[PDB]
Amino acid sequence: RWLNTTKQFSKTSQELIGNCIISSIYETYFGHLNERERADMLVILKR
Amino acid sequence: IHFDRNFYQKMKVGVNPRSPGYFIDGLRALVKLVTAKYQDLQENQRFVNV
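As you go down the protein sequences, you meet chains A and B in turn. The numbering of the first sequence is full-length UniProt numbering, which starts it at 3305 and goes up by one. The numbering of the second sequence is full-length UniProt numbering, which starts it at 2970 and goes up by one.
Listed below in structure tokens is the structure:
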């Protein structure tokens, strides 16, 4: 069970570096965007 | 860079008022987030090992 958690943890580690980008972008750019515009940005970033 | 260019296309800012301000600030904030996340991750792995 512990081993399964560790494998998930490694995946989580990889995922977190990628996610920090998204978080930093909302902080810097999203504050003045409308909700639909935030959605389109999120898409065009995600891609 | 690509996101910043796309953003200034979508925002409709046509000619020259597009300072690198958002670029610099988001870049600086990304150091803070990544460092904090890494420290938390190290601690959690250490805790699970313990």
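The beta carbon of each residue, even a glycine, is placed where N, CA and C say it ideally should be.
Note that the C-beta distance between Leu-3010(B) and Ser-3328(A) is not below 7 angstroms. Look at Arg-3305(A) here: in three-state DSSP terms it is coil, with no helix or strand label.
Counting along the chain, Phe-2992(B) sits inside the alpha helix (DSSP H) bounded by residues 2990-3018. Residue environment analysis places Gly-2995(B) among the buried positions, since at least 16 neighbouring C-beta atoms fall within 10 angstroms of its C-beta. Counting C-beta pairs closer than 8 angstroms gives fewer than three between the stretch 3307-3314 of chain A and the stretch 2982-2991 of chain B, which falls short of the contact rule. The beta carbons of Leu-3349(A) and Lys-3006(B) sit about 19 angstroms from each other, so the pair does not count as a contact at 8 angstroms. Per DSSP, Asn-2985(B) lies in no alpha helix (DSSP H) and is assigned neither H nor E. Within chain B, the C-beta atoms nearer than 9 angstroms to that of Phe-3313(A) come from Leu-3010, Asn-3013, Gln-3014, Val-3017, in chain order. Neighbours of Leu-3349(A) in chain B, taken as residues whose beta carbon is under 8 angstroms from its own, are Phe-2972 in chain order. Those residues of the stretch 2985-3008 of chain B placed with their C-beta closer than 7 angstroms to a C-beta in chain A are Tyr-2991, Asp-2994, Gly-2995, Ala-2998, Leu-2999, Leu-3002, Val-3003, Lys-3006, ordered along the chain.
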